[PDB]
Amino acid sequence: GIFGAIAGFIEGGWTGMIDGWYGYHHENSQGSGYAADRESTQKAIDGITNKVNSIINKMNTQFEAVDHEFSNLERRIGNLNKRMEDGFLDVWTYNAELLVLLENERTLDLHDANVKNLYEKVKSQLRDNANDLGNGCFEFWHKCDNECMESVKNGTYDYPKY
């Protein structure tokens, strides 16, 4: 991925996080757990759902082949009909196959960007108050209880305290 997060500085995914695409793993005195980030997950779902439906809608016409027949003295127009039908078959196959390859590349990139920005959102909140380990994890220098954790996740972490 071009943004460097997925299968990058965050080496792998979490099978333990089941309720969304992007999120957090926290660890403190009360223990450990996974939690989806719902804002960025929902925004991604809406975007990709919109992309899938737009593709489905733009592809919502059909070229109609007919098997009208042609006599042996209509070789020219019979072949004209064949080359034209094959003609549209080839451009629509090209369009569909090329669109899917192009959209797949950009879809994976989008997810990669989203993990990266989520990581940045948290880095920007903690600043001094935590150590960036380089793998998506931050070690706090102060104690962070459950409400401290939740304030990082909902983006209201209060830096002047602690």
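A residue's number is simply how far along the shown sequence it sits, counting from 1.
- If you average the C-alpha B-factors over 64 to 72 and over 102 to 110, the higher value belongs to 64 to 72.
- Across the two stretches, 3 to 11 and 153 to 161, the PDB entry reports the greater mean Cα temperature factor for 153 to 161.
- Highest C-alpha temperature factor among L118, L126, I45, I55 per the entry: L126.
- Among the modelled residues of its chain, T49 has a C-alpha B-factor that falls in the middle third according to the deposited record.
- Ranked against the other modelled residues of its chain, the C-alpha B-factor of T93 as given in the entry falls in the lowest third.
- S32 sits in the middle third of its chain by CA B factor, as recorded in the PDB entry.
- Among the modelled residues of the chain, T41 sits in the lowest third by CA temperature factor in this PDB entry.
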